[PDB]
Amino acid sequence: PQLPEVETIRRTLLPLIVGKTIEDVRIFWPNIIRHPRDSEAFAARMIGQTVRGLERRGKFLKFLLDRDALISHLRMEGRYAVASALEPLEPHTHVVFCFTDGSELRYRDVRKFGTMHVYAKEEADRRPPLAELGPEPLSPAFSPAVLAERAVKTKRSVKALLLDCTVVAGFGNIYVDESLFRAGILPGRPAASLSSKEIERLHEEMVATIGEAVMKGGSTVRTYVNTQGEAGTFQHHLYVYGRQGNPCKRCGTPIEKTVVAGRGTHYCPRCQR
DNA sequence: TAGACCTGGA
DNA sequence: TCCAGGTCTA
Ligand SMILES: [Zn+2]
């Protein structure tokens with residue numbers, strides 16, 4: 001899940017939990033809880049608080065309670081669902097927040113990579129993991145100027161730059177490869193070798209891609225679905241991600257898949273330079 | 001940067 | 001065995 005997916009999850013989840021009061025918190029896999037470290041302290045402090053809001057920061061879900069904020073990262077497979085406490089639990093459900101109305105927020109995560117941090121509302125943003133987080137791609141905080149200032153200060157791939165949450169927030173493997181394709185830039189090329197026109201083109205593409213992905217409800221390429229188990233529709237507008245060995249939608253040239261920044265990387269050998 | 005941190009699907 | 005919408009590390 002990246003900005004689009006998390007944003008979609010956030011939108012479909014909020015109305016289902018807003019106003020509900022946490023009566024209990026069950027943890028079936030303690031490692032997911034990062035702060036406080038003690039899974040029992042994490043549970044105990046949630047008890048009694050009401051969900052007042054659900055915000056997003058980068059790829060993080062920020063559950064706003066009474067005095068605390070629950071910072072949740074779905075990582076690769078984290079998923080939330082709201083269901084009746086009387087129904088059996090689905091597999092890989094590691095954390096369940098029981099509400100006083102008998103319903104419950106269930107956190108499923110097959111790979112168990114997700115993380116949860118609870119801090120007093122005020123502390124949340126100045127503490128990790130939200131502390132060291134780049135600006136929102138859909139806000140004036142993210143400008144070609146910002147991307148430029150970071151590109152010139154590094155010799156690493158423009159892909160590694162974009163995948164860096166400190167540079168810009170919310171971009172993952174799918175949207176980085178897609179934005180770079182749409183900007184006509186090879187992902188493996190040095191970030192500092194990007195010209196002012198390219199950087200202003202990339203920025204424009206990134207912002208455009210993220211926005212469209214948000215409208216289409218995110219990209220369902222493997223296991224992603226919004227809170228209602230509904231798949232997104234942006235995967236049908238993907239140019240390169242996961243299309244290796246398939247003709248490029250623009251030029252017909254077979255899409256390539258290599259490894260860049262340690263990640264599977266897709267691109268058109270002809271349309272990107 | 002090759003692995004962790006985990007687990008299921010091709 | 002190879003791979004994965006995330007992210008740190010030796
Ligand atoms: Zn092409």
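Chain letters run A, B, ... following the sequence lines, proteins first and then strands; every chain starts at 1.
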- Nearest heavy atoms of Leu163(A) and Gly172(A), plus distance in Å: CD2-C, 3.6 Å
- Message: Tell me the closest heavy-atom pair linking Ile17(A) and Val51(A), and the distance in Å.
- Response: O-CB, 3.3 Å
Between [N] ([atom2]) and [X] ([atom1]): distance, integer Å:
X	N	atom1	atom2	answer
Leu162(A)	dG6(C)	CG	P	13 Å
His117(A)	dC8(C)	NE2	P	10 Å
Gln244(A)	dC3(C)	CD	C1'	10 Å
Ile9(A)	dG5(C)	CD1	P	16 Å
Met76(A)	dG8(B)	CE	P	15 Å
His73(A)	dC5(B)	NE2	P	18 Å
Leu74(A)	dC6(B)	CG	P	18 Å
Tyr224(A)	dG9(B)	OH	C1'	21 Å

- Query: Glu104(A) and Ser84(A): side-chain donor and acceptor closer than 3.5 Å?
  - Reply: no
- Any luck finding a side-chain donor-acceptor pair between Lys257(A) and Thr265(A) under 3.5 Å? no
Minimum-distance nucleotide (side-chain atoms of [X] versus [options]):
X	options	answer
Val221(A)	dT7(B), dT7(C), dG5(C)	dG5(C)
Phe113(A)	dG8(B), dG5(C), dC5(B)	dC5(B)
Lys112(A)	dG5(C), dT7(C), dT7(B)	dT7(B)

Check the phosphate of [N] against [X], side-chain N and O only, distance under 4.0 Å to OP1 or OP2. Yes or no?
X	N	value
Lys59(A)	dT7(C)	yes
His92(A)	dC6(B)	no
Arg79(A)	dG5(C)	no
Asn31(A)	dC6(B)	yes
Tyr175(A)	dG5(C)	no

- Item | Base partner of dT7(C), which must satisfy Watson-Crick or wobble distances under 3.5 Å | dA4(B)
- Task: Could you say whether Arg222(A) or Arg75(A) is positioned toward the 5' end of DNA chain B, judged by the nucleotide with the nearest heavy atom to each?
- Result: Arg75(A)
- Between the base of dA4(C) and the side chain of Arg263(A), is there a donor-acceptor distance below 3.5 Å? no
- Provide the distance between the two P atoms, one in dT7(C) and one in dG9(B), to the nearest whole Å. 24 Å
- Mind checking whether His73(A) and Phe60(A) have ring centres under 6.0 Å apart? yes
- With heavy atoms under 4.0 Å as the rule, sort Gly78(A) into base, sugar-phosphate or nothing. nothing
- Query: What nucleic acid atoms does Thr220(A) come within less than 4.0 Å of, heavy atoms only: base, sugar-phosphate, or nothing?
  - Reply: base
- Query: Charged N to carboxylate O below 4.0 Å: is that the case for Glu178(A) and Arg182(A)?
  - Reply: no
